[PDB]
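K.L.:
Here you go, this is run.pdb (PDB, C-alpha atoms (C1' of nucleotides) and all ligand atoms).
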```pdb
ATOM      1  CA  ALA A 993     126.523 122.246  53.915  1.00  0.00           C
ATOM      2  CA  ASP A 994     123.256 122.473  55.865  1.00  0.00           C
ATOM      3  CA  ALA A 995     123.570 118.929  57.248  1.00  0.00           C
ATOM      4  CA  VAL A 996     126.739 120.067  59.013  1.00  0.00           C
ATOM      5  CA  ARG A 997     124.826 123.208  60.048  1.00  0.00           C
ATOM      6  CA  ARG A 998     122.170 121.025  61.691  1.00  0.00           C
ATOM      7  CA  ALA A 999     124.921 119.006  63.390  1.00  0.00           C
ATOM      8  CA  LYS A1000     126.806 122.070  64.664  1.00  0.00           C
ATOM      9  CA  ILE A1001     123.972 123.748  66.579  1.00  0.00           C
ATOM     10  CA  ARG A1002     122.860 120.408  68.056  1.00  0.00           C
ATOM     11  CA  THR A1003     126.289 120.144  69.689  1.00  0.00           C
ATOM     12  CA  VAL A1004     126.276 123.863  70.549  1.00  0.00           C
ATOM     13  CA  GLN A1005     122.915 123.512  72.319  1.00  0.00           C
ATOM     14  CA  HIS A1006     124.282 120.409  74.060  1.00  0.00           C
ATOM     15  CA  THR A1007     127.198 122.360  75.557  1.00  0.00           C
ATOM     16  CA  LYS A1008     124.911 125.152  76.772  1.00  0.00           C
ATOM     17  CA  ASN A1009     122.060 122.958  78.053  1.00  0.00           C
ATOM     18  CA  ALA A1010     124.185 120.299  79.759  1.00  0.00           C
ATOM     19  CA  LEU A1011     124.079 121.967  83.184  1.00  0.00           C
ATOM     20  CA  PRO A1012     120.406 123.150  83.363  1.00  0.00           C
ATOM     21  CA  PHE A1013     119.036 119.887  81.936  1.00  0.00           C
ATOM     22  CA  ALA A1014     120.984 117.876  84.519  1.00  0.00           C
ATOM     23  CA  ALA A1015     119.357 119.859  87.343  1.00  0.00           C
ATOM     24  CA  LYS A1016     115.782 119.384  86.108  1.00  0.00           C
ATOM     25  CA  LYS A1017     116.123 115.638  85.498  1.00  0.00           C
ATOM     26  CA  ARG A1018     117.722 115.279  88.937  1.00  0.00           C
ATOM     27  CA  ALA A1019     114.783 117.070  90.566  1.00  0.00           C
ATOM     28  CA  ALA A1020     112.360 114.973  88.509  1.00  0.00           C
ATOM     29  CA  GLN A1021     113.945 111.845  89.998  1.00  0.00           C
ATOM     30  CA  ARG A1022     113.877 113.304  93.522  1.00  0.00           C
ATOM     31  CA  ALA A1023     110.077 113.511  93.364  1.00  0.00           C
ATOM     32  CA  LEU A1024     110.051 109.743  92.725  1.00  0.00           C
ATOM     33  CA  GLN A1025     112.756 109.165  95.379  1.00  0.00           C
ATOM     34  CA  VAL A1026     110.446 108.238  98.264  1.00  0.00           C
ATOM     35  CA  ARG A1027     112.367 106.268 100.947  1.00  0.00           C
ATOM     36  CA  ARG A1028     115.900 106.315  99.590  1.00  0.00           C
ATOM     37  CA  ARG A1029     118.381 103.800 100.975  1.00  0.00           C
ATOM     38  CA  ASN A1030     121.123 104.898 103.370  1.00  0.00           C
ATOM     39  CA  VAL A1031     124.106 102.876 102.184  1.00  0.00           C
ATOM     40  CA  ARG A1032     126.528 103.797 104.985  1.00  0.00           C
ATOM     41  CA  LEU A1033     124.022 102.560 107.586  1.00  0.00           C
ATOM     42  CA  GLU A1034     123.503  99.206 105.867  1.00  0.00           C
ATOM     43  CA  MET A1035     127.271  98.765 105.594  1.00  0.00           C
ATOM     44  CA  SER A1036     127.638  99.611 109.283  1.00  0.00           C
ATOM     45  CA  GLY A1037     124.706  97.315 110.043  1.00  0.00           C
ATOM     46  CA  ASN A1038     126.479  94.409 108.357  1.00  0.00           C
ATOM     47  CA  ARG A1039     129.680  95.185 110.284  1.00  0.00           C
ATOM     48  CA  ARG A1040     127.928  94.566 113.618  1.00  0.00           C
ATOM     49  CA  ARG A1041     128.123  91.044 115.028  1.00  0.00           C
TER      50      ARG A1041
ATOM     51  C1'   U B   1      37.936  44.534  68.095  1.00  0.00           C
ATOM     52  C1'   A B   2      34.344  51.602  66.714  1.00  0.00           C
ATOM     53  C1'   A B   3      34.672  50.777  62.179  1.00  0.00           C
ATOM     54  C1'   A B   4      36.859  57.325  58.458  1.00  0.00           C
ATOM     55  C1'   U B   5      31.303  62.264  61.619  1.00  0.00           C
ATOM     56  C1'   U B   6      31.697  65.900  55.581  1.00  0.00           C
ATOM     57  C1'   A B   7      28.765  73.965  54.121  1.00  0.00           C
ATOM     58  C1'   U B   8      36.562  73.147  52.255  1.00  0.00           C
ATOM     59  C1'   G B   9      31.893  79.264  55.436  1.00  0.00           C
ATOM     60  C1'   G B  10      37.775  81.874  54.404  1.00  0.00           C
ATOM     61  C1'   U B  11      43.292  81.074  52.002  1.00  0.00           C
ATOM     62  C1'   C B  12      46.066  85.505  51.168  1.00  0.00           C
ATOM     63  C1'   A B  13      53.214  82.985  54.120  1.00  0.00           C
ATOM     64  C1'   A B  14      57.940  85.026  55.549  1.00  0.00           C
ATOM     65  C1'   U B  15      61.408  89.171  55.304  1.00  0.00           C
ATOM     66  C1'   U B  16      61.809  96.387  56.997  1.00  0.00           C
ATOM     67  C1'   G B  17      67.263  94.365  59.747  1.00  0.00           C
ATOM     68  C1'   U B  18      66.390  97.815  66.849  1.00  0.00           C
ATOM     69  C1'   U B  19      70.878  94.046  70.480  1.00  0.00           C
ATOM     70  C1'   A B  20      68.528  89.308  77.851  1.00  0.00           C
ATOM     71  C1'   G B  21      76.336  88.186  76.009  1.00  0.00           C
ATOM     72  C1'   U B  22      82.697  83.714  78.658  1.00  0.00           C
ATOM     73  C1'   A B  23      83.806  82.221  73.168  1.00  0.00           C
ATOM     74  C1'   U B  24      88.222  79.288  71.258  1.00  0.00           C
ATOM     75  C1'   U B  25      93.670  81.003  64.809  1.00  0.00           C
ATOM     76  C1'   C B  26      99.236  74.664  68.485  1.00  0.00           C
ATOM     77  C1'   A B  27     100.610  79.255  65.891  1.00  0.00           C
ATOM     78  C1'   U B  28     100.353  83.603  67.600  1.00  0.00           C
ATOM     79  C1'   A B  29     101.288  86.561  71.898  1.00  0.00           C
ATOM     80  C1'   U B  30     104.711  87.559  76.435  1.00  0.00           C
ATOM     81  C1'   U B  31     110.234  87.655  77.678  1.00  0.00           C
ATOM     82  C1'   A B  32     116.198  89.358  76.496  1.00  0.00           C
ATOM     83  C1'   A B  33     119.039  90.848  72.012  1.00  0.00           C
ATOM     84  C1'   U B  34     118.695  94.118  66.431  1.00  0.00           C
ATOM     85  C1'   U B  35     117.510  99.537  70.759  1.00  0.00           C
ATOM     86  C1'   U B  36     117.260 101.130  76.339  1.00  0.00           C
ATOM     87  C1'   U B  37     117.214 106.290  78.767  1.00  0.00           C
ATOM     88  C1'   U B  38     118.448 109.385  83.015  1.00  0.00           C
ATOM     89  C1'   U B  39     120.955 110.404  87.565  1.00  0.00           C
ATOM     90  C1'   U B  40     123.095 109.829  92.525  1.00  0.00           C
ATOM     91  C1'   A B  41     129.936 110.520  96.350  1.00  0.00           C
ATOM     92  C1'   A B  42     128.619 110.404 102.920  1.00  0.00           C
ATOM     93  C1'   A B  43     130.626 113.568 106.534  1.00  0.00           C
ATOM     94  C1'   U B  44     123.832 116.334 108.832  1.00  0.00           C
ATOM     95  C1'   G B  45     120.536 123.527 112.291  1.00  0.00           C
ATOM     96  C1'   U B  46     113.997 120.628 114.979  1.00  0.00           C
ATOM     97  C1'   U B  47     112.008 124.330 118.299  1.00  0.00           C
ATOM     98  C1'   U B  48     110.313 126.709 123.084  1.00  0.00           C
ATOM     99  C1'   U B  49     111.503 127.212 128.204  1.00  0.00           C
ATOM    100  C1'   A B  50     111.705 129.052 134.717  1.00  0.00           C
ATOM    101  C1'   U B  51     119.545 127.631 132.715  1.00  0.00           C
ATOM    102  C1'   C B  52     124.856 122.958 134.180  1.00  0.00           C
ATOM    103  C1'   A B  53     117.765 121.295 134.627  1.00  0.00           C
ATOM    104  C1'   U B  54     112.708 120.973 133.411  1.00  0.00           C
ATOM    105  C1'   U B  55     107.508 121.171 129.463  1.00  0.00           C
ATOM    106  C1'   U B  56     105.975 119.299 123.762  1.00  0.00           C
ATOM    107  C1'   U B  57     108.064 116.472 119.699  1.00  0.00           C
ATOM    108  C1'   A B  58     105.805 107.230 119.500  1.00  0.00           C
ATOM    109  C1'   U B  59     107.242 102.890 113.796  1.00  0.00           C
ATOM    110  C1'   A B  60     114.583 104.659 109.260  1.00  0.00           C
ATOM    111  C1'   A B  61     117.520 100.604 106.957  1.00  0.00           C
ATOM    112  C1'   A B  62     120.434  95.574 106.942  1.00  0.00           C
ATOM    113  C1'   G B  63     120.142  91.238 110.110  1.00  0.00           C
ATOM    114  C1'   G B  64     117.145  87.635 112.636  1.00  0.00           C
ATOM    115  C1'   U B  65     111.105  85.564 110.948  1.00  0.00           C
ATOM    116  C1'   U B  66     105.825  85.683 111.301  1.00  0.00           C
ATOM    117  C1'   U B  67      98.104  81.347 110.443  1.00  0.00           C
ATOM    118  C1'   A B  68      95.651  86.152 111.680  1.00  0.00           C
ATOM    119  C1'   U B  69      94.194  91.274 113.222  1.00  0.00           C
ATOM    120  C1'   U B  70      92.346  95.707 115.460  1.00  0.00           C
ATOM    121  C1'   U B  71      90.744  99.370 118.664  1.00  0.00           C
ATOM    122  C1'   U B  72      94.952 103.820 124.469  1.00  0.00           C
ATOM    123  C1'   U B  73      90.148 104.816 129.768  1.00  0.00           C
ATOM    124  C1'   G B  74      94.461 107.811 130.561  1.00  0.00           C
ATOM    125  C1'   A B  75      98.264 112.684 126.554  1.00  0.00           C
ATOM    126  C1'   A B  76      95.539 115.780 122.800  1.00  0.00           C
ATOM    127  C1'   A B  77      90.619 116.523 120.523  1.00  0.00           C
ATOM    128  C1'   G B  78      87.943 118.935 124.824  1.00  0.00           C
ATOM    129  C1'   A B  79      84.032 123.310 125.631  1.00  0.00           C
ATOM    130  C1'   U B  80      82.136 127.969 132.865  1.00  0.00           C
ATOM    131  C1'   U B  81      81.895 121.334 135.509  1.00  0.00           C
ATOM    132  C1'   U B  82      84.549 116.948 138.034  1.00  0.00           C
ATOM    133  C1'   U B  83      86.776 110.540 139.808  1.00  0.00           C
ATOM    134  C1'   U B  84      94.733 108.522 136.396  1.00  0.00           C
ATOM    135  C1'   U B  85      86.030 107.092 135.337  1.00  0.00           C
ATOM    136  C1'   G B  86      84.723 107.662 129.159  1.00  0.00           C
ATOM    137  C1'   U B  87      83.339  98.457 127.194  1.00  0.00           C
ATOM    138  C1'   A B  88      91.281  98.568 123.466  1.00  0.00           C
ATOM    139  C1'   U B  89      93.917  93.294 125.466  1.00  0.00           C
ATOM    140  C1'   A B  90      89.286  88.772 122.695  1.00  0.00           C
ATOM    141  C1'   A B  91      86.900  84.537 118.842  1.00  0.00           C
ATOM    142  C1'   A B  92      85.715  81.687 113.463  1.00  0.00           C
ATOM    143  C1'   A B  93      88.653  81.121 109.082  1.00  0.00           C
ATOM    144  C1'   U B  94      92.171  79.746 105.240  1.00  0.00           C
ATOM    145  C1'   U B  95      99.767  77.966 104.033  1.00  0.00           C
TER     146        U B  95
HETATM  147 MG    MG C1101      92.007 114.783 128.194  1.00  0.00          MG
END
```
Can the structure in the file be given as structure tokens, please?
Ligand SMILES: [Mg+2]

P.N.:
Amino acid sequence: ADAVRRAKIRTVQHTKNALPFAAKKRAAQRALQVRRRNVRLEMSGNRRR
RNA sequence: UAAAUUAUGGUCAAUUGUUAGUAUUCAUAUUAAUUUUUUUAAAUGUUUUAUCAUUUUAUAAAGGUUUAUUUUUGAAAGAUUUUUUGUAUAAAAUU
């Protein structure tokens, strides 16, 4: 009975903390995102002849 | 071919753990799997001016390809001084 109780709140905390955890791990990657690639400029740069 | 010189009148050792620094496993370690994790969907407001203008704002990517590199006198710094003057443009060297 308690093993299902441990499994229930782990999925309950996952539904609540899906949105705020996705914002912090996005901002943690943006600090390491020095000189991101612009993909629409490389695809327009390959189009030029 | 110098021929054994004669108080042997001083023996009682070494080890108390304190070091002038590349040290070797042909089978173990590095790689991918038994395991990876987390995101991202473009379409964009730099600003002051004397106003249809003028003053300040000098290294984004792909492509093409390089033996090598750095420092403006000029703009600013910057001053009760002033000449667009204050030695920047080069060499050796190693695919
Ligand atoms: Mg000056």

K.L.:
Could you expand the PyMOL selection byres ((chain B) within 9 of (chain A)) into the explicit residues it covers here, written as a PyMOL selection string?

P.N.:
chain B and resi 38-40+42+60-63

K.L.:
Could you please determine the separation between atom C1' of residue 66 of chain B and atom CA of residue 1025 of chain A in Å, to one decimal place?

P.N.:
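Computing it gives 29.2 Å between the two atoms.
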
K.L.:
To one decimal place, how far is atom CA of residue 998 of chain A from atom CA of residue 1012 of chain A in Å?

P.N.:
21.8 Å

K.L.:
Select the residues contacting ligand MG 1101 (chain C) at a distance of at most 7 Å, based on all atoms listed in the file, then format the selection as a list in words.

P.N.:
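Here is the list of contacting residues: residues 75, 76 and 78 of chain B.
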
K.L.:
Rounded to one decimal in Å, what is the spacing between atom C1' of residue 36 of chain B and atom CA of residue 1016 of chain A?

P.N.:
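For atom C1' of residue 36 of chain B relative to atom CA of residue 1016 of chain A, the distance reads 20.8 Å.
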
K.L.:
Specify as a PyMOL selection string each residue included when the PyMOL selection byres (((chain B and resi 56) around 12) and not hetatm) is applied to this file.

P.N.:
chain B and resi 46-49+54-55+57+75-76

K.L.:
With distances taken over all atoms listed in the file, which residue among B:23, B:91, B:45, B:86 lies nearest residue 74 of chain B?

P.N.:
B:86
